[PDB]
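What follows is a short report on a single structure.
There are 2 protein chains.
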Amino acid sequence: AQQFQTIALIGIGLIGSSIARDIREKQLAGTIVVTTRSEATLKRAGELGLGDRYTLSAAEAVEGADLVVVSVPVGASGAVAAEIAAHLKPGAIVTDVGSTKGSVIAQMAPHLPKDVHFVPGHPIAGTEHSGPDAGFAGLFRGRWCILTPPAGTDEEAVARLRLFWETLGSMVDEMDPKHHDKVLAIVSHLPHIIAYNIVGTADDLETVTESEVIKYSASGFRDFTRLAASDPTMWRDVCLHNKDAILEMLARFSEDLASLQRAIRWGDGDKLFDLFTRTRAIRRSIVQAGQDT
Amino acid sequence: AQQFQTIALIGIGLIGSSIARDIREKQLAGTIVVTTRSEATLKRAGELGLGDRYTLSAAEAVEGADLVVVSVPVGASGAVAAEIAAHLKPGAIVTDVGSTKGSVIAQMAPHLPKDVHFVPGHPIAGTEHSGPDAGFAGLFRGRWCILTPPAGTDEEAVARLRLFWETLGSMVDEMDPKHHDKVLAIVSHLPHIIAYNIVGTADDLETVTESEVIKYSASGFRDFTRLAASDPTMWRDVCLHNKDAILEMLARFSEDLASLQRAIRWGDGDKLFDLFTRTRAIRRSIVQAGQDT
Ligand SMILES: NC(=O)c1ccc[n+]([C@@H]2O[C@H](COP(=O)([O-])OP(=O)(O)OC[C@H]3O[C@@H](n4cnc5c(N)ncnc54)[C@H](OP(=O)(O)O)[C@@H]3O)[C@@H](O)[C@H]2O)c1
Ligand SMILES: NC(=O)c1ccc[n+]([C@@H]2O[C@H](COP(=O)([O-])OP(=O)(O)OC[C@H]3O[C@@H](n4cnc5c(N)ncnc54)[C@H](OP(=O)(O)O)[C@@H]3O)[C@@H](O)[C@H]2O)c1
Ligand SMILES: N[C@@H](Cc1ccc(O)cc1)C(=O)O
Ligand SMILES: N[C@@H](Cc1ccc(O)cc1)C(=O)O
Ligand SMILES: [Cl-]
Ligand SMILES: [Cl-]
Ligand SMILES: [Mg+2]
Ligand SMILES: [Mg+2]
Ligand SMILES: [Mg+2]
Ligand SMILES: [Mg+2]
Ligand SMILES: [Mg+2]
Ligand SMILES: [Mg+2]
Ligand SMILES: [Mg+2]
Ligand SMILES: [Mg+2]
């Protein structure tokens, strides 16, 4: 079943460890090499049996690796690329899984040598949990993964990465990085930002107690709390590195909310009914597509 | 197991039909009487076996009923109270399940006679689906229900309604209707309004296609689409009937979002990290309480 003789995983949290478990289950690698920055996380990965070889040095980890998967918060991407650059073998494929792509490409590509193939990726799959114990086999089954190869990228390298993600159970699409960043700003980043904002709002109230919010959360609030429990480093970094697309979507959202607020202020039941009717269609399409939870 | 000789259910959608199924499973009624406004819904309720007696007339339905449960969109509450008032027996208990309470009390109480007991309720439990086929036994298990009896309400009537909800598996709290409406504005109404708004925003884009939004919805958007698939009549009515509390929470939310937008604009990573850290605590409390989905 092997697709790569050696796969090096740099970062071994939710995504990296889920990839590790799938590689083991599908026998996709001759050798899995695991690296992460801390001794504590590396030890956990060892106790979990996520790799065959382990190291604290990303430079050492990539020596002789055919595929290098970088699964770290996006603001760390450049530092990883700088540390591994000199140690990559000719023809290595370097990929990532970052939630932003334009930034990652800009941060990493200046460090990477001409003889390696850089094929950025993004699996459209996750949970609110983090670290190696949070990962599991099958996270990517029936999900989409987006690749964003720069112009002139080796087409065989792209095909091998497409096959890899398909083997993990994903459907694969390719797009330009700027388009990726616009699409993800609305389908992912804005939803998280808005969830953080509403949970912060509720926390700040004096008249309604924390106990009340918790007790009665099954009337809608709980759904937003799940997203707002995600890792703060990950989401800090997305906001810092997809700024322009996020700000565009926030401005659209806030224009629309002013109009909805005015319909509520003026008791415009017909406008409210029309908005609430229009939104149902999207859910029905998601359900028919099998993308619902 | 009987708690009431005759229970009349006015409205037989998600909530009314879930109550009907629980009454049957727990043997809580001598007779279940079902009424709803349309022949189509009444026929469905009959095919499902939700009642013992069926009628299109709410006035007829309540004749001799010990407990009358009104489960209709909140803007219909007054019309129901007006139709049944003259037909209620002395000592009947009239309750409702509306998502707002101040409005329901104001609309219903002027019609109801001095000899009946009015004990408004709200089960903090539901799904995004509607109608009799959407209901199920066990919807209320491990959920909260809030009662909002006006001052001077018969304490034995309140106790019987508390016992009824406890038997359906709920924990029961009592509060003032205005406080209810403030609490629900943040834990339920604002979350739904914001979900409708974000799904509307995404729908309006030209650069990102409907197909893209659907395909990549597992990156966060799908959670909001579930709420925005709810019944438009129900949610139109909540916005019309909890206006003041909703507008207060919308203004708090929008003040907070301006500040978050400014942190993103200025690249204030430390502020973002602090907000995203603070919100995790609420989720952990919900999980420990067992209120998570
Ligand atoms: N979570 C999701 O749902 C999801 C989905 C798709 C894509 N992604 C993207 O996947 C990437 C990884 O996310 P994740 O959820 O797997 O995160 P995670 O569970 O928090 O794992 C983070 C990993 O990155 C390491 N790390 C953290 N800061 C680092 C730094 N400054 N330099 C080097 N390594 C560092 C951690 O090592 P130590 O523990 O040893 O410090 C750990 O190995 C992110 O770019 C995220 O945007 C996430
Ligand atoms: N859905 C939830 O999650 C949830 C949770 C807690 C509380 N509630 C509250 O429960 C109440 C009922 O909600 P639901 O979800 O059960 O709704 P639903 O499934 O849409 O059922 C609506 C019921 O009300 C009837 N109805 C509609 N408009 C009416 C009118 N103008 N006059 C008289 N009857 C009318 C319908 O009869 P026909 O079908 O014959 O027209 C049907 O029997 C609402 O006040 C809602 O706010 C809902
Ligand atoms: N973590 C998100 C999903 C997600 C997927 C991809 C991302 O890039 C970000 C988030 C959730 O639990 O729903
Ligand atoms: N229908 C909501 C829950 C809810 C509960 C009580 C309400 O009054 C309103 C909504 C959901 O599916 O999550
Ligand atoms: Cl190979
Ligand atoms: Cl009785
Ligand atoms: Mg070196
Ligand atoms: Mg070299
Ligand atoms: Mg260099
Ligand atoms: Mg608009
Ligand atoms: Mg009459
Ligand atoms: Mg009378
Ligand atoms: Mg009268
Ligand atoms: Mg504030």
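Taken in sequence, the protein lines are chains A and A'. A prime marks a further copy of an entry chain. The numbering of the first sequence is the authors' numbering, which starts it at 2 and goes up by one. The numbering of the second sequence is the authors' numbering, which starts it at 2 and goes up by one. Don't be surprised by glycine CBs; every beta carbon is placed ideally from N, CA and C.
Just curious, the alpha helix (DSSP H) that A/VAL95 is in, first and last residue? No alpha helix (DSSP H) contains A/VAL95, which is instead part of the beta strand (DSSP E) from 94-97.
Looking at the secondary structure, which residues open and close the beta strand (DSSP E) in which A/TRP236 lies? In this chain, A/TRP236 is not harboured by any beta strand (DSSP E); it is covered by the alpha helix (DSSP H) spanning 233-242.
Should A'/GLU256 be counted as a contact of ligand 14 given a C-beta to heavy atom distance under 7 Å? Indeed, a heavy atom of ligand 14 lies less than 7 Å from the Cβ.
Inter-residue spacing [alpha-carbon to alpha-carbon] between A/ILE287 and A/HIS190: Going from the Cα of A/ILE287 to the Cα of A/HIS190 covers about 18 Å.
Could you tell me if A/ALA186 is buried or exposed, where buried requires 16 or more neighbouring beta carbons within 10 angstroms of its beta carbon? Answer is buried; the Cβ neighbour count reaches 16.
Classify residue 295 of chain A as buried or exposed, calling it buried when 16 or more other Cβ atoms lie within 10 Å of its own Cβ. Outside the modelled stretch of chain A, which goes from 2 to 294, sits residue 295 of chain A, for which no answer is possible.
With 16 as the cutoff for other CB atoms within 10 Å, does A/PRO124 come out buried or exposed? So A/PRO124 ends up on the buried side.
Could you say which of A/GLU48, A/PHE277, A/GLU167 and A/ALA59 lies nearest to A/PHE141 if we only look at CA atoms? It is A/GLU167 whose Cα lies nearest to the Cα of A/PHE141.
Could you tell me the boundaries of the alpha helix (DSSP H) in which A'/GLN6 lies? Per DSSP, A'/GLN6 belongs to no alpha helix (DSSP H); it is in the beta strand (DSSP E), 5-11.
When the Cβ atoms of the segment 233-244 of chain A are set against those of the segment 215-230 of chain A', are three or more pairs found closer than 8 Å? They do not touch, by the three-pair rule.
Is A'/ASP134 helix, strand or coil by DSSP? DSSP, reduced to helix, strand and coil, places A'/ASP134 within a helical segment of the structure shown.
Just checking: is the beta-carbon of A/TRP145 within a distance shorter than 8 Å of some beta-carbon in chain A'? Interface residue, yes.
According to DSSP, residues forming a beta bridge with A'/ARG54: Partner(s): A'/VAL34.
Taking the beta carbon of A/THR202 as the centre, do at least 16 other beta carbons fall within 10 Å, making it buried, or is it exposed? Classification of A/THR202: buried, given that the 10 Å Cβ count is 16 or more.
How is A'/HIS118 classed by DSSP in three states: helix, strand or coil? If DSSP states are grouped into helix, strand and coil, A'/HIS118 belongs with the strands.
Enumerate in chain order the residues of its own chain whose CB-to-CB distance from A/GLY65 is below 7 Å, with the five nearest sequence positions on each side excluded. Same-chain partners within the cutoff: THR7 and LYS90.
For A'/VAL159, decide whether its Cβ has a neighbour in chain A, counting only Cβ atoms nearer than 8 Å. Not an interface residue.
For A'/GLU213, which residues in chain A fall below 8 Å Cβ to Cβ? Residues of chain A passing the Cβ test: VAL184 and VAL188.
Leaving out the 5 sequence neighbours to the left and right, which residues in its chain are closer than 6 Å to A'/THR56 when beta-carbon positions are compared? Excluding sequence neighbours, A'/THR56 sits near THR36 and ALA62.
For ligand 3, is there any heavy atom lying closer than 7 Å to the beta carbon of A/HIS123? Checking every heavy atom of ligand 3 against the Cβ of A/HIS123, one is found closer than 7 Å.
Of all the CB atoms in chain A, is at least one closer than 8 Å to the CB of A'/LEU15? Chain A, which has no Cβ nearer than 8 Å to the Cβ of A'/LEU15, makes this no.
Per DSSP, what kind of secondary structure is A'/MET172 in: helix, strand or coil? Under the three-state reduction of DSSP, A'/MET172 is assigned to strand.
Reference A'/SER100, options A'/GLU157, A'/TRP236 and A'/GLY268, closest by Cα: When only C-alpha atoms are compared, the closest one is A'/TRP236.
By Cβ distance, which residues of its chain are closer than 7 Å to A'/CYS146, with the 5 residues on each side in sequence left out? Around A'/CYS146, the same chain offers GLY122, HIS123, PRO124, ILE125, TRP166, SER171 and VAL173 as residues with beta carbons nearer than 7 Å, after the five sequence neighbours per side are excluded.
Residue ranges of each alpha helix (DSSP H) within the segment 134-169 of chain A, 4 or longer: Listed in chain order, they are 156-168.
With a threshold of 8 Å between beta-carbons, can A/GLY92 be considered close to chain A', or not? So, not an interface residue.
Opposing strand residues paired with A'/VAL69 [DSSP bridges]: Partner(s): A'/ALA9 and A'/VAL95.
Secondary structure of A'/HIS123, DSSP reduced to three states: Looking at A'/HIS123 - three-state DSSP - the assignment turns out to be strand.
Please name the residues in the segment 264-287 of chain A' whose beta-carbon is closer than 7 Å to at least one beta-carbon of chain A, in chain order. Here the close residues are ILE265, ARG266, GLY268, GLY270, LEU273, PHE274, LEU276, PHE277, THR278, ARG279, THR280, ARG281, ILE283, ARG284, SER286 and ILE287.
Using the C-alpha atoms, what's the distance from A'/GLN262 back to A'/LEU49? A straight-line Cα-Cα distance of about 51 Å links A'/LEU49 and A'/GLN262.
Compare the beta carbon distance of A/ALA246 and A/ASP177 with 8 Å and say whether it is the shorter of the two. Cβ distance not < 8 Å, so A/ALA246 and A/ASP177 don't count as in contact.
Proximal residues to A/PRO114 (C-beta, below 7 Å), its chain only, five neighbours per side dropped: The beta carbon of A/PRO114 lies closer than 7 Å to those of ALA86 and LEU89 in the same chain, with the five residues before and after it left out.
What residues in the segment 215-233 of chain A bring their beta carbon closer than 7 Å to a beta carbon of chain A'? So the list reads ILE215, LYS216, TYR217, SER218, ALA219, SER220, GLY221, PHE222, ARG223, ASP224, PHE225, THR226, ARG227, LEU228, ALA229, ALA230 and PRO233, given in the order they occur along the chain.
The alpha helix (DSSP H) with A'/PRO178 in it runs from where to where? Annotation for A'/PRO178: the continuous alpha helix (DSSP H) segment containing it runs 178-185.
Beta-carbon contacts of A/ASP155 that lie in its chain and below 7 Å, excluding the five residues immediately before and after: Annotation for A/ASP155: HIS118 place their beta carbon closer than 7 Å to its own, counting only its chain and skipping 5 residues before and after.
The alpha helix (DSSP H) spanning A'/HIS193 covers which residue range? Where A'/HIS193 is concerned, the enclosing alpha helix (DSSP H) stretches over 191-204.
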